[PDB]
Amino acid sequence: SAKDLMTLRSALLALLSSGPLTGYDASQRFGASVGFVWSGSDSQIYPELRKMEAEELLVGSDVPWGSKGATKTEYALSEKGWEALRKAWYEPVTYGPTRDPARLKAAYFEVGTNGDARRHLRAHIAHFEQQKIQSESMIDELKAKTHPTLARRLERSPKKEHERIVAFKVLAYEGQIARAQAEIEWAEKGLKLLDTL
């Protein structure tokens, strides 16, 4: 799916707007930040970074790596990269069709026992409770301004803009929390349904 690749491209542009990174660092920072809302692995990120440089959306250059005298290629947005980010953001969100394996499972719980359905709904609750705690913990790092990608972004932004920049990162994680809480409530409603069947 090419639409998903283009979205990964947009997430990399967003991350790299906080400052240039090597390939390895980009993938580590990605997974610890934007990766919580659009996940990308090493094997997805490395080839896209290379295409983006080939397309001249990114500029590559050699900087010191470690302290033994090794250098590594760090990627920075070009002016074309900056334009592409702006254009990507302006475009409307394309909503992909619903693919929810848990709702799929629930729709046909009759294939198994009511005890099996309870186990599925408890595993749903477990999953979204742990997501909620991660999201709440991420908000705390964002509001403290200690998250390392956020801190780098802020050091490159005028102080006048910090409230805005932080507010939007928080907003994203409030959305993960709101959804998590709806999923838990839904599963709990399902558990009560199962006692009446």
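Each residue number is its position in the shown sequence, starting from 1.
Undergrad: Would you tell me which stretch averages the higher CA B-factor in the PDB entry, 145-153 or 48-56?
TA: It is 48-56 that shows the higher mean C-alpha B-factor.
Undergrad: Quick check on the record: does 187-195 or 1-9 carry the larger mean Cα temperature factor?
TA: According to the entry, 1-9 carries the higher average C-alpha B-factor.
Undergrad: Among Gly81, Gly115, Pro101, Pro92, where is the Cα temperature factor highest, going by the PDB entry?
TA: Most elevated C-alpha B-factor of the set, per the entry: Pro92.
Undergrad: Among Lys72, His120, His127, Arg86, single out the one with the highest C-alpha B factor in the record, please.
TA: So the option with the highest C-alpha B-factor is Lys72.
Undergrad: Looking at the entry's B-factor column for C-alpha atoms only, identify whether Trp65 ranks in the lowest, middle or highest third of its chain.
TA: Top third by C-alpha B-factor.
Undergrad: How does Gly19 rank on Cα B-factor within its chain, lowest, middle or highest third?
TA: Middle third of the chain for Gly19's C-alpha B-factor.
Undergrad: Taking the chain's C-alpha temperature factors as the reference, tell me which third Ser135 falls into: lowest, middle or highest.
TA: Tercile = lowest for this residue's CA B-factor.
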